[PDB]
């Protein structure tokens, strides 16, 4: 919070300016990202906002995805439904009715009965099955090639800071690139994926059932494996590897060992992704964090 509550005031002003008949009675910051801030307005609406950003056309795609899904999905699981939007280079805002519920965490999962956990898993698999099964023709432009993206990111590294890196850093990168070249995990089914499908985006109702999913801001047509990456993740923020496995078995018709290889490859990539983000957005701290993380990983066992 600020002394002038300046942030909330500016955003109040912008919301009321751009959405002619919209009246802000209350407004608080409910989240923030790398270059975004999310607000809860009138205890009822979520407004996601961003100023000038490296990924332009970002809130436009995300909007198009919400519209495609609200038209085409048949599910009881809620997702954002965009009522207000303002999109420009210098400012983008998306407003939708807040989905009510509690975000899944490791702690909450641990308190659930075995059966509750099973049902949650079933609900997740069933949603992913339905989304991955959609004919995505009407959003065929929202395509993401991860391998190619990584190859282009590697070139950017080589054109920028690569020569200043340590040998240890270089070896980490090259060793990953060799793995990227040898793997077959990009050669499988492509489909519409959420693509940031981690438990901080999953909402539970009062019966610990899946009631909503948020933040399709990275969604697109991509490898089917993508949506299992965080479900398979072993970390403090995610539930655990067995959670993802079970979900994969419920989901069915998918090579689990390849999903894991996909996840493991993306995990290996994370510090490099972090470096790249720092380069592209001119934020040194990200470059430094990624490089340090390479050393932590190098010295792990």
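Positions refer to the first chain, counted from 1. So that the term is clear: the rigid core is the largest set of C-alpha atoms that superpose within 1.5 Å between two forms.
Core superposition of the other structures onto this form places the C-alphas of 29-37 farther off in 8 other deposited structures of this protein than those of the other stretch among 29-37 and 270-278. Stretch 43-51 is the one, of 249-257 and 43-51, whose CA positions lie farther from the shown form in 8 other deposited structures of this protein once all structures are superposed by the rigid core.
Residue 56 is a gap in at least a third of the other entries compared, counting only those with both neighbours built. The PDB entry records a higher mean C-alpha B factor for 69-77 than for its counterpart among 69-77 and 93-101.
Between the residues 126, 149, 163, 195, it is 163 that shows the highest Cα B-factor in the PDB record. Across the options 269, 34, 39, 243, the residue with the most elevated CA B-factor in the record is 34.
The PDB entry assigns residue 211 a C-alpha temperature factor belonging to the middle third of its chain's modelled residues.
In the deposited entry, the Cα temperature factor of residue 121 places it in the lowest third of its chain's modelled residues.
In this PDB entry, the Cα temperature factor of residue 230 sits in the bottom third of its chain's modelled residues, the lowest group. The entry lists a Cα temperature factor for residue 186 that places it in the highest third of the chain's modelled residues.
Ranked within its chain, residue 1 lands in the highest third, by CA B factor from the PDB record.
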